[PDB]
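Data first, discussion second: the structure below is written as structure tokens.
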Amino acid sequence: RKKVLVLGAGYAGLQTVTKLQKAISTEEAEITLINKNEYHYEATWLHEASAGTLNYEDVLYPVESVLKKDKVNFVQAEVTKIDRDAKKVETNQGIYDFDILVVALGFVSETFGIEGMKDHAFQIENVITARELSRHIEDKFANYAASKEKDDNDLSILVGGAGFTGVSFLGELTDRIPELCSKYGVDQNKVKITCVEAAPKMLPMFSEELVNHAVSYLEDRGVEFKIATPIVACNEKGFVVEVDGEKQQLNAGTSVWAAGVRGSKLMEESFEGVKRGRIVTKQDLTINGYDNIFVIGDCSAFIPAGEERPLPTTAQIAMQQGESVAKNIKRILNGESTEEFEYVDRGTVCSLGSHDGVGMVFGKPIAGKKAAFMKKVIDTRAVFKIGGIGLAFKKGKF
Ligand SMILES: Cc1cc2nc3c(=O)[nH]c(=O)nc-3n(C[C@H](O)[C@H](O)[C@H](O)COP(=O)(O)OP(=O)(O)OC[C@H]3O[C@@H](n4cnc5c(N)ncnc54)[C@H](O)[C@@H]3O)c2cc1C
């Protein structure tokens, strides 16, 4: 009975387990799933939980509810060390041995060595960061309303990055901010929402026509964009940016970083050839020198056969990688060879509030209500693909 140890119960990790548990026999292998929290959270919905347009409990479900418990041991613990050669994983709740390992430990914020960006800004990482940020935003409207002398800077919000995560967040803020203005007695004209992006283009994965749609939607709803503008620091007051190479202080009571992510810090400590918590895997999703270790999700850099650059970090690729790993573990267990991973680009949608969005679905571009609808299908399909129709019914977007 070989030991299959899965690290992380995210999109990649939990998908590997819920597929594998259907395939193997109790005599074939023993599965162990280690996760920090008792729940699985929908990281792709953290823009809503962070803005406060959704209750945090709606973006998560208990891990054990989708497990076949005669085949999987759920361990709630934090992975502290991974010994690739000794075949051991240390946690705050004990050491666990392995025959096969699946590293699916996800991502964390990456601030590109920008001084004060982790300390003085709120990140978009998990349910705990989301809860802290939505409460902070509302507390700023509440404290503003409470003060006799009103500082309109308490209501100024800075968002670092105009990519997928940045735009999704701005979209939720445009639904939330009017509601808080009305509740706390504030005029919307006093609220300032500024998106700063160092790159020369916003949402670089989409057409100019789709980006023009996103920009017009957010600009009409009070967002100002400062693109191709580097963020050289973050302090108590807000961000320090360069404009024509001249440092300028931008003030804001809330500074949110959404411009970069990296794989788990455990990656550099545990494996060789790691660049910002990502490891370039072999085509079957194993790592160089270890036919018994798989690294998937945001901890991986899968370069497709014909190409040179790795595919981007997404929950879509993560889930597809987990389905691959589950089949290849069964093949390994039965003395068979592994098959290569082939990513199927079904397209995606960046939300723009509750009733809008920009995306590519079936290879054709989509916007507005059709995008909002398809975003609910993609989000509900991801609950379905891990836990089935009942969980999709209970926790989906329909
Ligand atoms: C707001 C937002 C919107 C996004 N929208 C999209 C979208 O529309 N489509 C899309 O495809 N992608 C989207 N993404 C990207 C997507 O969320 C990630 O690529 C995805 O989360 C990667 O899944 P994963 O399994 O690798 O990691 P994760 O989702 O990060 O899960 C890792 C799990 O491991 C646990 N863990 C981490 N470290 C430890 C440790 N040391 N010990 C134990 N447990 C640990 C975590 O608690 C978590 O349960 C978005 C991301 C964000 C933040």
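FYI, nothing fancy with the structure tokens labels: chains A, B, ... in order, residues from 1 per chain, ligands from 1 as they appear.
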Could you tell me, counting only C-alpha atoms and all ligand atoms, which protein and nucleic acid residues lie no more than 6 Å from ligand 1, written as a PyMOL selection string? chain A and resi 8-13+34-37+40+43-47+77-80+104-107+124-125+165+297-298+313-316+318+349-350
Selection above as a file: N, CA and C atoms, as a CSV table (one decimal), in the first residue's frame:
```csv
chain,number,residue,atom,x,y,z
A,8,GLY,N,-1.6,20.6,0.1
A,8,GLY,CA,-2.4,21.7,-0.3
A,8,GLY,C,-3.8,21.2,-0.8
A,9,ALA,N,-4.9,21.8,-0.3
A,9,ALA,CA,-6.2,21.4,-0.7
A,9,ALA,C,-6.9,22.5,-1.5
A,10,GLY,N,-6.2,23.0,-2.5
A,10,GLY,CA,-6.6,24.1,-3.3
A,10,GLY,C,-7.2,23.5,-4.6
A,11,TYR,N,-7.3,24.3,-5.6
A,11,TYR,CA,-7.8,23.9,-6.9
A,11,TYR,C,-7.0,22.7,-7.5
A,12,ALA,N,-5.7,22.7,-7.4
A,12,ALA,CA,-4.8,21.6,-7.9
A,12,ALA,C,-4.8,20.4,-7.0
A,13,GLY,N,-4.6,20.6,-5.7
A,13,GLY,CA,-4.5,19.5,-4.7
A,13,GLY,C,-5.7,18.7,-4.5
A,34,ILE,N,-2.7,17.1,3.2
A,34,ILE,CA,-2.4,18.1,4.2
A,34,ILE,C,-2.8,19.5,3.8
A,35,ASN,N,-3.5,20.2,4.6
A,35,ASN,CA,-4.0,21.6,4.3
A,35,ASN,C,-4.0,22.4,5.6
A,36,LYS,N,-3.5,23.7,5.6
A,36,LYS,CA,-3.5,24.7,6.7
A,36,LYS,C,-4.8,24.9,7.4
A,37,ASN,N,-5.9,24.9,6.6
A,37,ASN,CA,-7.3,25.1,7.1
A,37,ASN,C,-8.2,23.9,6.9
A,40,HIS,N,-11.6,24.5,2.0
A,40,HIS,CA,-11.1,24.8,0.7
A,40,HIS,C,-11.8,26.1,0.4
A,43,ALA,N,-10.2,30.7,-4.4
A,43,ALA,CA,-9.3,31.8,-4.5
A,43,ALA,C,-9.7,32.8,-5.6
A,44,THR,N,-10.4,32.3,-6.7
A,44,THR,CA,-10.8,33.1,-7.8
A,44,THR,C,-12.0,34.0,-7.4
A,45,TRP,N,-12.6,33.9,-6.2
A,45,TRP,CA,-13.7,34.7,-5.8
A,45,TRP,C,-13.2,35.6,-4.6
A,46,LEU,N,-11.9,35.8,-4.4
A,46,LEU,CA,-11.3,36.6,-3.3
A,46,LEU,C,-11.5,38.1,-3.6
A,47,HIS,N,-11.7,38.5,-4.8
A,47,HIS,CA,-12.0,39.9,-5.2
A,47,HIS,C,-13.3,40.3,-4.6
A,77,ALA,N,-2.9,20.9,9.0
A,77,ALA,CA,-1.6,21.3,9.4
A,77,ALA,C,-0.9,22.1,8.4
A,78,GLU,N,0.2,22.8,8.9
A,78,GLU,CA,1.0,23.7,8.1
A,78,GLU,C,2.3,23.0,7.8
A,79,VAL,N,2.5,22.8,6.5
A,79,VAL,CA,3.8,22.2,6.0
A,79,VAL,C,4.9,23.2,6.3
A,80,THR,N,6.0,22.8,7.0
A,80,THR,CA,7.1,23.6,7.4
A,80,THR,C,8.4,23.2,6.6
A,104,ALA,N,1.0,21.0,-4.2
A,104,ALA,CA,0.0,21.9,-4.8
A,104,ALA,C,-0.3,23.0,-3.7
A,105,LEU,N,0.8,23.6,-3.2
A,105,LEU,CA,0.8,24.6,-2.1
A,105,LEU,C,0.4,26.0,-2.5
A,106,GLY,N,0.0,26.2,-3.7
A,106,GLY,CA,-0.5,27.5,-4.1
A,106,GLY,C,0.5,28.7,-4.2
A,107,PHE,N,-0.1,29.9,-4.1
A,107,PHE,CA,0.6,31.1,-4.3
A,107,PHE,C,0.6,32.0,-3.1
A,124,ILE,N,-4.1,40.2,-1.6
A,124,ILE,CA,-5.3,39.4,-2.0
A,124,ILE,C,-4.7,37.9,-2.1
A,125,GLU,N,-4.8,37.2,-1.0
A,125,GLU,CA,-4.2,35.8,-0.9
A,125,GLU,C,-5.1,34.7,-0.4
A,165,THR,N,-6.5,40.2,-11.5
A,165,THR,CA,-6.8,40.4,-10.1
A,165,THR,C,-7.2,41.8,-9.7
A,297,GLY,N,-0.2,23.4,-10.1
A,297,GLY,CA,-0.8,24.7,-9.7
A,297,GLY,C,0.2,25.8,-9.8
A,298,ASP,N,0.0,26.8,-8.9
A,298,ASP,CA,0.9,28.0,-8.8
A,298,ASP,C,2.3,27.7,-8.4
A,313,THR,N,-0.2,31.4,-14.4
A,313,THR,CA,-0.7,30.8,-13.2
A,313,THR,C,-2.3,30.9,-13.0
A,314,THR,N,-3.0,29.8,-13.2
A,314,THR,CA,-4.5,29.9,-13.2
A,314,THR,C,-5.1,28.7,-12.5
A,315,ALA,N,-6.3,28.8,-11.9
A,315,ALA,CA,-7.1,27.7,-11.3
A,315,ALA,C,-7.6,26.8,-12.4
A,316,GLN,N,-7.7,27.3,-13.7
A,316,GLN,CA,-8.0,26.4,-14.8
A,316,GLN,C,-7.0,25.4,-15.1
A,318,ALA,N,-4.5,24.6,-13.0
A,318,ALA,CA,-4.3,23.9,-11.8
A,318,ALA,C,-5.2,22.6,-11.7
A,349,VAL,N,-13.3,34.5,-18.0
A,349,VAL,CA,-14.0,35.8,-17.9
A,349,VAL,C,-13.4,36.5,-16.6
A,350,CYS,N,-13.0,37.8,-16.8
A,350,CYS,CA,-12.7,38.7,-15.7
A,350,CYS,C,-14.0,39.4,-15.4
```
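Within segment 245-326 of chain A, DSSP applied to the backbone places the following residues in alpha helix (DSSP H): residues 266, 267, 268, 269, 270, 315, 316, 317, 318, 319, 320, 321, 322, 323, 324, 325 and 326 of chain A.
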Could you save those same residues with N, CA and C atoms as a short mmCIF file (atom, residue, chain, number, x, y, z; two decimals), in the first residue's frame?
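Contents of out-v2.cif, freshly written:
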```cif
data_model
loop_
_atom_site.label_atom_id
_atom_site.label_comp_id
_atom_site.auth_asym_id
_atom_site.auth_seq_id
_atom_site.Cartn_x
_atom_site.Cartn_y
_atom_site.Cartn_z
N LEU A 266 7.92 27.60 0.30
CA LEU A 266 8.50 26.27 0.49
C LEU A 266 9.25 25.73 -0.72
N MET A 267 8.89 26.20 -1.92
CA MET A 267 9.50 25.77 -3.17
C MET A 267 11.01 26.00 -3.26
N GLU A 268 11.49 27.23 -2.98
CA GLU A 268 12.94 27.50 -3.01
C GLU A 268 13.69 26.75 -1.95
N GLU A 269 13.04 26.48 -0.82
CA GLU A 269 13.67 25.78 0.30
C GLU A 269 13.75 24.28 0.06
N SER A 270 12.88 23.75 -0.82
CA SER A 270 12.67 22.32 -1.05
C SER A 270 13.18 21.76 -2.36
N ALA A 315 -6.29 28.84 -11.88
CA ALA A 315 -7.11 27.75 -11.32
C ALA A 315 -7.55 26.76 -12.43
N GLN A 316 -7.67 27.25 -13.68
CA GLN A 316 -8.03 26.42 -14.82
C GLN A 316 -6.95 25.38 -15.10
N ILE A 317 -5.69 25.82 -15.20
CA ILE A 317 -4.54 24.95 -15.47
C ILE A 317 -4.32 24.04 -14.25
N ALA A 318 -4.48 24.56 -13.04
CA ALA A 318 -4.35 23.85 -11.76
C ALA A 318 -5.25 22.64 -11.70
N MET A 319 -6.52 22.82 -11.99
CA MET A 319 -7.50 21.71 -12.01
C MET A 319 -7.21 20.68 -13.10
N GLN A 320 -6.89 21.15 -14.28
CA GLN A 320 -6.52 20.28 -15.39
C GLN A 320 -5.23 19.47 -15.07
N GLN A 321 -4.28 20.11 -14.38
CA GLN A 321 -3.08 19.45 -13.90
C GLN A 321 -3.42 18.36 -12.86
N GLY A 322 -4.35 18.63 -11.96
CA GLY A 322 -4.75 17.65 -10.95
C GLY A 322 -5.38 16.40 -11.51
N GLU A 323 -6.21 16.56 -12.54
CA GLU A 323 -6.84 15.44 -13.26
C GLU A 323 -5.75 14.61 -13.93
N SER A 324 -4.72 15.28 -14.52
CA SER A 324 -3.58 14.58 -15.15
C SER A 324 -2.82 13.74 -14.11
N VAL A 325 -2.39 14.37 -12.99
CA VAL A 325 -1.65 13.73 -11.90
C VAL A 325 -2.40 12.51 -11.34
N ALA A 326 -3.72 12.62 -11.14
CA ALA A 326 -4.54 11.52 -10.63
C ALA A 326 -4.46 10.28 -11.54
#
```
Shell of 7 Å around segment 141-156 of chain A, only C-alpha atoms, local chain residues under 5 positions omitted, as number ranges by chain: A: 180, 184-185, 190-193, 251-254
Residues just named, written with N, CA, C and O atoms as a tab-separated table (two decimals), in the first residue's frame:
```
chain	number	residue	atom	x	y	z
A	180	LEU	N	-21.73	51.80	0.56
A	180	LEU	CA	-21.10	52.34	1.79
A	180	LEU	C	-21.23	53.85	1.85
A	180	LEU	O	-21.42	54.42	2.93
A	184	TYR	N	-23.15	55.36	5.07
A	184	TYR	CA	-22.34	56.19	5.95
A	184	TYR	C	-22.42	57.70	5.66
A	184	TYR	O	-21.71	58.45	6.32
A	185	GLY	N	-23.31	58.14	4.76
A	185	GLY	CA	-23.57	59.55	4.50
A	185	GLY	C	-22.55	60.29	3.70
A	185	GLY	O	-22.39	61.48	3.89
A	190	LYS	N	-16.44	62.47	-3.40
A	190	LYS	CA	-15.33	62.59	-2.47
A	190	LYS	C	-14.42	61.35	-2.46
A	190	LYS	O	-13.26	61.48	-2.10
A	191	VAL	N	-14.94	60.18	-2.88
A	191	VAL	CA	-14.18	58.93	-2.91
A	191	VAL	C	-13.28	58.92	-4.13
A	191	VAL	O	-13.73	59.25	-5.22
A	192	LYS	N	-12.02	58.53	-3.97
A	192	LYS	CA	-11.06	58.47	-5.09
A	192	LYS	C	-10.54	57.04	-5.16
A	192	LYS	O	-10.16	56.49	-4.14
A	193	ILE	N	-10.63	56.40	-6.34
A	193	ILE	CA	-10.16	55.03	-6.57
A	193	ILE	C	-9.18	55.13	-7.69
A	193	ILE	O	-9.55	55.54	-8.79
A	251	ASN	N	-1.62	59.58	-1.97
A	251	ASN	CA	-2.19	59.35	-0.65
A	251	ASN	C	-3.47	58.54	-0.69
A	251	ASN	O	-4.28	58.68	-1.62
A	252	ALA	N	-3.64	57.65	0.30
A	252	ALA	CA	-4.78	56.75	0.38
A	252	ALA	C	-4.84	56.05	1.71
A	252	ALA	O	-3.83	55.56	2.20
A	253	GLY	N	-6.04	55.96	2.26
A	253	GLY	CA	-6.27	55.26	3.51
A	253	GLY	C	-6.26	53.76	3.38
A	253	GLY	O	-6.22	53.06	4.39
A	254	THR	N	-6.34	53.27	2.12
A	254	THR	CA	-6.30	51.85	1.78
A	254	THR	C	-5.40	51.67	0.55
A	254	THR	O	-5.61	52.35	-0.45
```
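Comparing A:4, A:20, A:63, A:205 by their smallest distance to residue 391 of chain A, the closest is A:63 (using only C-alpha atoms).
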Neighbours of segment 371-374 of chain A within 8 Å (only C-alpha atoms; same-chain residues fewer than 3 positions away dropped), as a PyMOL selection string? chain A and resi 349+351-352+354-359+361+366-368+377-378
File dump, residues just selected, N, CA and C atoms, as an mmCIF file, in the first residue's frame:
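Okay, selection-v6.cif is ready:
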```
data_model
loop_
_atom_site.group_PDB
_atom_site.id
_atom_site.type_symbol
_atom_site.label_atom_id
_atom_site.label_comp_id
_atom_site.auth_asym_id
_atom_site.auth_seq_id
_atom_site.Cartn_x
_atom_site.Cartn_y
_atom_site.Cartn_z
ATOM 1 N N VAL A 349 -13.284 34.518 -18.048
ATOM 2 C CA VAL A 349 -13.954 35.806 -17.863
ATOM 3 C C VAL A 349 -13.381 36.538 -16.648
ATOM 4 N N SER A 351 -14.454 39.324 -14.171
ATOM 5 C CA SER A 351 -15.685 39.999 -13.781
ATOM 6 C C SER A 351 -15.503 41.547 -13.694
ATOM 7 N N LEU A 352 -16.608 42.280 -13.921
ATOM 8 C CA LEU A 352 -16.699 43.738 -13.860
ATOM 9 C C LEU A 352 -18.015 44.005 -13.107
ATOM 10 N N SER A 354 -21.182 42.599 -10.631
ATOM 11 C CA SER A 354 -22.104 41.478 -10.648
ATOM 12 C C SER A 354 -22.775 41.225 -11.981
ATOM 13 N N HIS A 355 -22.873 42.247 -12.857
ATOM 14 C CA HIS A 355 -23.607 42.115 -14.123
ATOM 15 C C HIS A 355 -22.788 42.446 -15.382
ATOM 16 N N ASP A 356 -21.446 42.442 -15.275
ATOM 17 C CA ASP A 356 -20.599 42.741 -16.420
ATOM 18 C C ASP A 356 -19.307 41.926 -16.348
ATOM 19 N N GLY A 357 -18.504 42.024 -17.396
ATOM 20 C CA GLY A 357 -17.214 41.350 -17.462
ATOM 21 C C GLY A 357 -16.634 41.330 -18.842
ATOM 22 N N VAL A 358 -15.365 40.930 -18.935
ATOM 23 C CA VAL A 358 -14.682 40.786 -20.247
ATOM 24 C C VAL A 358 -14.045 39.437 -20.276
ATOM 25 N N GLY A 359 -14.140 38.791 -21.401
ATOM 26 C CA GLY A 359 -13.516 37.484 -21.534
ATOM 27 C C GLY A 359 -13.480 36.952 -22.937
ATOM 28 N N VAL A 361 -14.671 33.160 -24.561
ATOM 29 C CA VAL A 361 -15.373 31.911 -24.295
ATOM 30 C C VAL A 361 -15.596 31.265 -25.655
ATOM 31 N N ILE A 366 -16.347 37.946 -25.295
ATOM 32 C CA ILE A 366 -17.624 38.120 -24.608
ATOM 33 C C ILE A 366 -17.512 39.283 -23.634
ATOM 34 N N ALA A 367 -18.600 40.040 -23.460
ATOM 35 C CA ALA A 367 -18.647 41.182 -22.550
ATOM 36 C C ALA A 367 -20.053 41.350 -22.014
ATOM 37 N N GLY A 368 -20.222 42.221 -21.024
ATOM 38 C CA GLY A 368 -21.541 42.501 -20.470
ATOM 39 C C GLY A 368 -22.185 41.361 -19.727
ATOM 40 N N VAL A 377 -21.140 30.310 -14.728
ATOM 41 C CA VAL A 377 -21.050 28.932 -15.197
ATOM 42 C C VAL A 377 -19.671 28.355 -14.945
ATOM 43 N N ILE A 378 -18.623 29.140 -15.213
ATOM 44 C CA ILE A 378 -17.236 28.742 -14.993
ATOM 45 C C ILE A 378 -17.000 28.564 -13.491
#
```
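Residue nearest residue 189 of chain A, chosen from A:113, A:381, A:218, A:223 and counting only C-alpha atoms: A:223.
Atom CA of residue 31 of chain A lies 19.7 Å from atom CA of residue 85 of chain A.
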When you draw a straight line from atom CA of residue 110 of chain A to atom CA of residue 299 of chain A, how long is it in Å? 13.2 Å
Long-range neighbours of residue 116 of chain A as number ranges by chain, 8 Å cut-off, only C-alpha atoms, 5 positions minimum in chain: A: 121, 233-235
Name all residues at most 8 Å from residue 202 of chain A (count only C-alpha atoms; drop same-chain ones fewer than 6 positions away) and give them as a PDB file with C-alpha atoms, in the first residue's frame.
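Heads up, here's the output in around.pdb:
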```
ATOM      1  CA  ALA A 162      -4.428  46.540 -13.676  1.00  0.00           C
ATOM      2  CA  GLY A 163      -4.247  42.835 -14.575  1.00  0.00           C
ATOM      3  CA  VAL A 211      -9.728  46.194 -22.471  1.00  0.00           C
ATOM      4  CA  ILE A 227      -0.726  52.844 -16.337  1.00  0.00           C
TER       5      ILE A 227
END
```
Using only C-alpha atoms, find each residue in segment 100-197 of chain A having at least one atom no more than 6 Å away from segment 282-295 of chain A; report its shortest atom-to-atom pair and that distance in Å (one decimal), rows by chain then rising number, as JSON lines.
```
{"residue": "A:100", "atom": "CA", "partner": "A:292", "partner_atom": "CA", "distance": 4.8}
{"residue": "A:101", "atom": "CA", "partner": "A:293", "partner_atom": "CA", "distance": 4.7}
{"residue": "A:102", "atom": "CA", "partner": "A:294", "partner_atom": "CA", "distance": 4.8}
{"residue": "A:103", "atom": "CA", "partner": "A:295", "partner_atom": "CA", "distance": 4.6}
```
Could those selected residues go to a file with C-alpha atoms, as a compact mmCIF listing (two decimals), in the first residue's frame?
```txt
# COMPACT_ATOMS: atom_id res chain seq x y z
CA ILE A 100 4.65 9.71 -4.16
CA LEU A 101 4.33 13.49 -3.46
CA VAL A 102 1.98 16.09 -4.97
CA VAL A 103 3.07 19.65 -4.24
```
Give me the residues within 9 Å of residue 385 of chain A as a VMD selection string, counting only C-alpha atoms and dropping any in the same chain fewer than 5 places off. chain A and resid 15 18 319 380 392
